[PDB]
Every structure is written in C-alpha cells, then in structure tokens.
Amino acid sequence: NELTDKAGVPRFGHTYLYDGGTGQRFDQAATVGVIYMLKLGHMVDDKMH
Amino acid sequence: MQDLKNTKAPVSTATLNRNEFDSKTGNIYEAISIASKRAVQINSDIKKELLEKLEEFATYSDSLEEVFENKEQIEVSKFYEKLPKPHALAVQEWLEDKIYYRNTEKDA
Amino acid sequence: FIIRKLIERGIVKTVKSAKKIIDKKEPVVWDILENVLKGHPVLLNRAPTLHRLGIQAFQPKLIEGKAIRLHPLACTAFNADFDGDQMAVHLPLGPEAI
Amino acid sequence: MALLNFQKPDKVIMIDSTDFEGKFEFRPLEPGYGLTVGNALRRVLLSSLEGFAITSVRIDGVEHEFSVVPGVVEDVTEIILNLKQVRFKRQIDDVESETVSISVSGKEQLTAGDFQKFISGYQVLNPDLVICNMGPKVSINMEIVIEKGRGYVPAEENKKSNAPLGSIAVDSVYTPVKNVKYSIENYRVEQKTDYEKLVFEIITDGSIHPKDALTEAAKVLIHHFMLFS
Amino acid sequence: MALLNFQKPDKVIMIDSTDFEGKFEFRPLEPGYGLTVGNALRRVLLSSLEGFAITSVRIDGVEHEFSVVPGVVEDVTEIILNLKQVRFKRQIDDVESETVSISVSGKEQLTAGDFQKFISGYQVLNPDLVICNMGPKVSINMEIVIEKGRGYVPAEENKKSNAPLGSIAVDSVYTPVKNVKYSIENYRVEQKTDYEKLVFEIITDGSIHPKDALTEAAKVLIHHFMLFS
Amino acid sequence: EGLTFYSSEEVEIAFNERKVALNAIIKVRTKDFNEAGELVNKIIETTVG
Ligand SMILES: [Mg+2]
C-alpha cells in the first residue's frame, strides 16, 4: 500500500477502466497491475493434427 | 424434377423440431432412414442434372496444362454448389409430406 | 469434397492437380470449403466419453488459427475447460450419418 | 492514392424496410471498425433526434392520477399509459405547442384518431391506438398539451408551475427511434476471415423512416468530425 | 432542417503541440457527443494510420537469423529486434520504398544515426538507438529495405520469393501513434452548463504530427460515414 | 426508480436514454399469467434488467 501510494497507483490496483470499443467506463473498478507470465511447452503448433 | 431454384430447405445446419419430423411415423429413427434414402435419390438426380449441364458447357481443350479456366462452367458449378445439400432437401420434402414410403415386410 | 468441387468446376481434371491446388492453400479452396462446410456437421469428442453427450454434432465454421472454437454451453456436457484440453474431430461421410 | 491497402465497403445494403423497422448491412470492414461505426451511429441515433409528445392531460372529475373516471373500463393510470403511446407528426411548420381540448361521446371506444379532428397542427401517426373503453352513455372531456422535446423526459422535468389545476404531468417519449441494435459478424474476404460485417436494426414510431434516421445520424457524425480538418 | 438547435463546434483548438506530443480541444459539444468523437478518433488513430519501417535485412556473412557476426556482442536476433525499433519520417515526397546499403567500420557502437548517411528519402527519428556493440576492428556491411504499411505485418508476410540469398525478413510495426488519451469536461455556454468539452492528448513517434494524425483519422471517419448517404 | 411504463418498449427507450438505471425498481405493463392460467395485461413491479 505504501509503495503504491508512492507510485501513484490506486490502492489494491482498484482503478476504473474504459472499454476500447465503446469508450464507456465500466460500472465497477477493476484490479489492474503487472503480473509475471510464463509460456509453457504445450504449444498449439505441436498439437494440431 | 424438383425446382431447386425455389427450394425452401435451409442452406446450413438448423435446429429442427423433432416432434414435427417424427409425427408422421411416430419414430424418429424410421423418419431418419426414410429421409436418408430419399436423400440418396435426390443426390443421384442432382448429380445427373449437374453432369448434363457441365457436358453442355464442357469445352474441348487439347492443352497439357494442369489448370483450366472455363468461366461458364465455373458459374454453373457455383450455382449448384450454393444449393442446399441433398439431405437438407430430403428433410424439407419429409416435412412437407412429399415423400412416399412403404414397409414391404409390414404389407406382406 | 473439395476435390469433387474442383473437378466439377473444371479447374482441374485429375485428383492429383486438385491435391496440388489444395496443398498450396489458394483462395478458391477457401471459397469452395465455405460452401462445403454448410450442411455437413462434424462430431466433437473429448476423452473420456462418460456419457453420450461426450460426442456432439456441430456445424463447422472456418476460423483463423490452429485451435478449435467451442461454444461455452457445451463445456458442461463435455467436461471441458480451456486450460489445455484437446478434443477429437470426427467427420461423417454418408447422408445417413449426416 | 495511399488508401489502396485499406479494404472498405462500397454501399450500405438494405435487407428489409418497413415504416417502423429497418435492416442494414455494411461489409466488408477492417477489423475493429464495425464496433466503432456501430457504437457511434447508435449513440447519435439515441441521443440526438427530436420529436413531439403529450406533456399534460386533464380529465373532468379527476384530481390525481390515482382515481377512477365514472364509466370507463380503464383507470386514469392506464389512460395516461395509453396516452403515452400516441405518436404525433407535425403538419404545420413552426407549431411548437398546442393545447387541445376534446369532447367525444356516443362511442364504446375512444381511439387516437378521434383526437385528429380537434388537433390542428399535428397529425396522429397511430389513429387506431385505443385510449379508453367506456359505455355508450359516457361523455369524456380531455385537454392534452403537445410540445416539442428531445429524448425521454419523465413527468418531474415536464412539470410546469403554471399548469391548470387538475392537470397531470405525462412522461413524454419524444424520440422517434424506439430501439437501435447492431451486431458484428466475421466476414471472409479471399484468404482472411478477420474482416467484419456490420448489420443495423432501427425501430421507429413512423414519423421518420429508419433509413432517413440512419442518414441523419451519418450526416451529424460527418459534420462533427469535419471540424478536425 | 431540424438541426437548428444543435450547438456544433467551430474549430479544433491546439493548446500545445510538438513533433511528438499534441494537446487539442473540441468545444462546444452536445452531451454524449464527446465520448462518440473521442472514442472514434482514438480507435482510428491507434488502428489505421500509415507509417514506415524495415522489411528485410541482409548482414554480410550471415545466412540465417540464428547466427552470429564475428566481433559483435549482440547476436543477429538482437540486431533484428533493435532494427525493428528504428523509426523513419519521410523527407522526400512520393518515396514509398528505398533500399539502403550500410557499411560501418571503426566504431565501438552502431547507432541508428549511422544509417542516416546512407538513407536518402527517410529520416531516422531516434538516432540514439543502439543497434549493436562491436569491436573497433569490426566492419559491418548490412542492407535494409524500408517500406510503407499500416499496423503490423509479421515477418512471414514480408518474405519475398525473389529476395537474394541471406535476406532475413523482419516483423514490421508500422503504427506511428504511441498513445491516445482523451477526457471530457463540462462546458458552460451562456446559461447552459450541460455542454461538453473534449480534450485530446496524442503521443506520436514523430513520423506524423499529432494535428496531421487527427486530420487523417477524421478523413477516414468521413470516408466511412459518407457511405450512409 | 418508481416510474411506470406502458410496455417493454418504453423501458428500453428509457434505458437507452440513460434516464433509468439497469437495477431500478420500476412498474411496467405486459403479459403475465393470471390465477386462471390465461394471458392478460397487468402492471407488475419489476426491474429494468
Ligand atoms: Mg482441462
């Protein structure tokens, strides 16, 4: 919480987002931030037959 | 011959009412079998008509090329392709009471 | 089926040339396949097939990519989620099967 | 000349068109443009259009919208509800407000077409709309007020402090458009299936044709975006 | 002819603008129109604006992108990923494609500005971008091709069948707009405080000025909305 | 909240005009079964959604 306050981030990442297609603000705030994602070896190029 | 140009059969797969399909026979499996036999007959007739039409528009080319371009033949083939599938036509006939069926074992 | 439509259209006189055209993924192949898909459902199966709903018939549509698109309402019947699951595609051939 | 690589539609296709509903097609569209065009046109069609509607009605013998008129099947709440459905198209230009006091007797059914004889500047678009069912011996007297406005305005904003006693404020549906809906379907162009097709549904009250409303929406958007030149 | 009372803006006002950032205003606007205009412009800006980027690269002595140039710290893959980041602004009109032969030697660092002495029709907007770190005795001879496009074209589509041996196709990110942010504030015109004011903040890569980007997005929107006439 | 509507048409008009909330308690007139099992019009308290 202290770090987000220092960074100018809403607490718990709860911020109001906007739809990219219509531009209307969503009715409720959404949890936004940075997550670390991995790419696994179960890739579609090896599984389609 | 069926008027393939003005047929009411759906072009793609559609959610049909099972109760209407099996109302006449009381058994969906018997109706499906009758519809498939009529579909085989319809497919044979359609293939014969398409073959006759293509033979009418067939052009004799002596070129050894692997690819040929006959615009009229392509147009006729496209018109036949856009028609509903034979089984869809058979289902439409079955719904409209245009199929005659008889069980030989039951009438023997 | 695409081969049949190629010979009917007169583009190719032999099955070999039709196969060559199909392998090259020409736009005419997609134009024919769009019509061929209509009225010819495929069967989707996920192992294990615990009940008969484990095999269902769907009307295919051409899409981009290499993944099969499933309707969300069939997931409960198939017990299929989108965390890496795979499904087998079976193609009926005869009019009785269709 | 640089727009060669951008695929754009050639026309807007009209599938089915009545005086109240219309169906439009827009194809082929670059990915994401269907949503943009549909949302812009929907917002403009909803927010912008003007119209005329009943604002206030007074009946003999009624003091509030929770009483009963002697001799009619419908109560005053249902009477106001049916009055909300009356559609007006202006006949004489510049006529922005008209107060019509009617008197109809000898009928078992009062329709919106009965108002037409006593209204001068407006034409009722739904004369077959039933307002109240009454016995043959019942005579009703109304005074209805027709005004120009935009969109949907409930009674609280239509209330005027100088209205005559016994008048009841009426929610007015001024907008000629009843509903705008659009859906976007994937459209195939040659090898690519990511192209988009936009279909449009507009339901009007008969004052304006749906194609005319679509044309007005497009004109308004063009006028707004032209200022960025 | 019913468009009398719709208050339309007179112009678009530029508060502050550089070659990379621009702030714009749009007022007065009817309620709800600010969102329509802003969202349409944002989508068109982030989607359809043209730009310039590199399509092919050929490093001498390198036959595939999974090799290494002697004396260079970065592999050919990192060189390709850095080359993808170079930005170009057109200097000579009607120049759609250019082939650039680059020969750099005697330097400890190959920057994008070193390409400028060989490029004639385009200008490098980020000359400080480092392509690779080399030794002082390393001579780099590379050939790059700059073309015009929209959005993103993968390296698979950029592969030319008549390209010379050793040519490596690269992903091209043609988009010139980095960020579009818009805000809607209320505006008071005389007695009405419900009118809307639109604020636009556009960040570009320098290839297209923010005002020109707005003008081109508006041009696309007009071209799409004329079809509903 | 509390508004009365002649049918779902006016409810849709109000919702599209943003003159009524999605979760607002409203009154509308539409078809519903009576105690005899027949389809009649009556004013029923409901929600726009
Ligand atoms: Mg799973």
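Residues numbered from 1 in each chain as written, not as in the entry; some residues may be left out. Chains lettered and ligands numbered in written order. Part of a larger assembly, values for the part shown. Heavy atoms only, no water.

As stated in the entry header, the method of structure determination is cryo-EM and the reported resolution is 2.95 Å.

Enquirer: Tell me what's going on with the overall build of chain A, and back it up with residues and numbers.
Expert: Looking only at helices and strands, chain A features one helix and two strands. Secondary structure elements in chain A, listed N-terminal to C-terminal, are α-β-β. Out of the 49 residues belonging to chain A, those deemed buried represent 10%. Per element, the accessible surface of chain A, about 4,700 Å² overall, is 57% carbon and sulfur. Placing the 5 positive and 6 negative side-chain charges of chain A at their respective mean positions leaves the two points 5 Å apart. (Helix = DSSP H or I, 4+ residues; strand = E, 2+ residues; numbered from the N terminus. Buried < 20%, exposed > 50% of the residue type's maximum accessible area, 1.4 Å probe, protein only. Areas by Shrake-Rupley, 256 points an atom, 1.4 Å probe, with all protein chains shown as cover. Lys, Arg positive; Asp, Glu negative; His and termini not counted. Charge placed at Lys NZ, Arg CZ, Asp CG, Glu CD.)

Enquirer: Please give an account of the interface of chain F and chain D that cites residues and values.
Expert: If you look at the interface, chain F gives 14 residues, while chain D gives 20 residues. When chain F packs against chain D, close to 1,600 Å² is buried across both sides, 54% of that on carbon and sulfur atoms. One can count four salt bridges joining chain F with chain D. In this structure, the connection of chain F to chain D is made through eight residue pairs in polar contact. For the side of chain F that touches chain D, the secondary structure elements donating two or more residues are β1 (4-5) and α1 (8-16) of chain F. (Contact = heavy atoms within 4.5 Å. Buried area = accessible area lost by both parts, 1.4 Å probe. Salt bridge = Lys/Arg side-chain N within 4 Å of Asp/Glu carboxyl O. Polar contact = N/O pair within 3.5 Å; in protein donor to acceptor, adjacent residues only side chain to side chain.)

Enquirer: Tell me about the coordination of the magnesium ion, and name the residues and values.
Expert: Residues and elements named next belong to chain C. Coordination sphere of the magnesium ion, protein contribution only: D81 (OD), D83 (OD) and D85 (OD), at 2.0 to 2.2 Å. Taken in chain order, the donor set of the magnesium ion reads D-x1-D-x1-D. A residue is classified by how much of its surface remains accessible, and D85, at 32% relative accessible area, is partly exposed. (Donors = N, O, S within 2.8 Å, 3.2 Å for Na, K, Ca; no water.)

Enquirer: Kindly report on the side chain of B:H87, identifying the contributing residues and their values.
Expert: Turning to its location among the elements, B:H87 is positioned in helix α4 (residues 86-95). In this structure the side chain of B:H87 is engaged in a polar contact, spanning 2.5 Å, whose partner is the backbone oxygen of C:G39. What B:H87 contacts, discounting residues up to four positions off in sequence, is B:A39, C:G39 and C:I98.

Enquirer: Tell me what's going on with the interface of chain D and chain E, and back it up with residues and numbers.
Expert: Each partner contributes residues to the interface: chain D has 38 residues there, and chain E has 41 residues. Linking chain D with chain E are one salt bridge. Ionic pairing is found between E:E30 and D:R150, a salt bridge with its closest N-O pair at 3.3 Å. Where chain D packs against chain E, one counts 14 residue pairs in polar contact. Contributing elements (two or more residues each) for the side of chain D that touches chain E: β2 (21-29), α1 (33-48) and α5 (210-225) of chain D.

Enquirer: Go over the environment of D:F20 with me, naming the residues and quoting the values.
Expert: All names here are of chain D. Here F20 shows up in the loop between β1 (12-17) and β2. It is 36 Å that separates the C-alpha atoms of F20 and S161, two residues lying 141 residues apart in sequence. Excluding its chain neighbours within four sequence positions, the residues that come into contact with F20 are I202, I203, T204, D205, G206 and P210.

Enquirer: Explain the packing of α1(D) against helix α3 (residues 210-225) of chain E to me, using residue names and the numbers behind them.
Expert: Where α1(D) meets α3(E), the closest approach of the two axes is 12 Å, and the angle between their N-to-C directions is 75 degrees. Comparing their axes, α3(E) and α1(D) come out roughly perpendicular. Each of D:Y33, D:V37, D:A40 and D:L41 in α1(D) lies in contact with α3(E), whose residues at this interface are E:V220, E:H224 and E:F225. (Axes fitted to C-alpha atoms, helices over the stretch in contact; angles between N-to-C directions. Parallel < 35°, antiparallel > 145°, perpendicular 65-115°, else oblique.)

Enquirer: Please provide a residue-by-residue account of the nonpolar core, values included.
Expert: A general trend in soluble globular proteins is that nonpolar side chains are found buried together. Residues D:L45, D:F225, E:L45 and E:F200 are the most contacted members of the largest nonpolar core, which totals 54 residues. Look past the residues within four positions of D:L45 in its chain and what remains in contact with it is D:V177, D:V180, D:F200, D:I202, D:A213, D:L214 and D:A217. (Core = buried A, V, L, I, M, F, W, Y, C linked by side-chain atoms within 4.5 Å.)

Enquirer: An account of the sheet that holds strand β3 (residues 50-59) of chain E is needed here, citing residue identities and associated values.
Expert: Sheets are built from strands paired through backbone hydrogen bonds, the pairs being either parallel or antiparallel. Residues and elements named next belong to chain E. Here four strands make up an open sheet; going across it, the order is β5-β9-β3-β11 and the pairing antiparallel. At either end of the open sheet lies a strand with only one pairing partner, and these are β5 (97-105) and β11 (168-169). By the bridge criterion, nine bridges tie β3 to strand β9 (residues 139-150) in an arrangement that is antiparallel. Directly across from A53, in β9, lies its bridge partner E147. Across the sheet, helix α2 (residues 76-83) is in contact with β3, β9 and β11; its angle to β3 comes to roughly 160 degrees. (Pairing = 2+ DSSP bridges.)

Enquirer: Report on the pairing of strand β2 (residues 21-29) of chain E, specifying residues and quantitative values.
Expert: Residue and element names in this part refer to chain E. Two elements, strand β1 (residues 12-17) and β2, share five bridges in a ladder whose sense is antiparallel. Residue pairing in the sheet places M14 in a bridge with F24 of β2. Connecting the antiparallel pair β1 and β2 is a turn made up of three residues. Pairing geometry for β2 and strand β14 (residues 192-204), over seven bridges, is antiparallel. Across the sheet, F26 pairs through a bridge with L198, a residue of β14.

Enquirer: Tell me what's going on with α2(E), and back it up with residues and numbers.
Expert: Residues and elements named next belong to chain E. Along α2, the residues classified as buried are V76, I79, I80, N82 and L83. Taken end-on, α2 shows its buried residues confined to a sector of 165 degrees, consistent with a single buried face. Contact partners of the buried residues in α2: β3, β8 (130-133), β9 and β11. (Arc of directions from axis to C-beta.)

Enquirer: Any details on the relation of the copies chain D and chain E? Residues and values, ideally.
Expert: Taken as rigid bodies, chain D and chain E are interconverted by a rotation of 179 degrees and an axial shift of 2.1 Å, the fit giving an RMSD of 2.4 Å. Comparing interface residues between copies, 95% of those in chain D also sit at the interface in chain E, which points to an isologous, same-surface contact. (Least-squares fit on C-alpha atoms.)

Enquirer: So what about the sheet that holds strand β2 (residues 25-33) of chain F? Which residues, and what values?
Expert: Within the open sheet, the three strands sit side by side as β1-β2-β3 (chain F). Their pairing is mixed. Two strands close off the open sheet at either side, each with one partner strand: β1 and β3 (39-47) of chain F. Inspection of the sheet shows β2(F) paired to β3(F) by nine bridges, in the antiparallel sense. Note that in β3(F) the partner of F:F33 across the bridge is F:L39. Of the strands in this sheet, β1, β2 and β3 of chain F touch helix α2 (residues 76-83) of chain D, which is tilted by about 90 degrees from β2(F).

Enquirer: Requested: an account of the pattern of salt bridges, with residues and values cited.
Expert: Residues and elements named next belong to chain E. Summed over the entire model, instances satisfying the criterion amount to 40 salt bridges over all chains. Here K23 ties to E201 by a salt bridge, and the two come within 2.8 Å at their closest N and O atoms. With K23 in strand β2 and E201 in strand β14, this pair connects stretches of sequence that are 178 residues apart. Relative accessible area serves as the criterion here: at 31%, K23 is assigned to the partly exposed category. Ionic pairing is found between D114 and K117, a salt bridge with its closest N-O pair at 3.4 Å.

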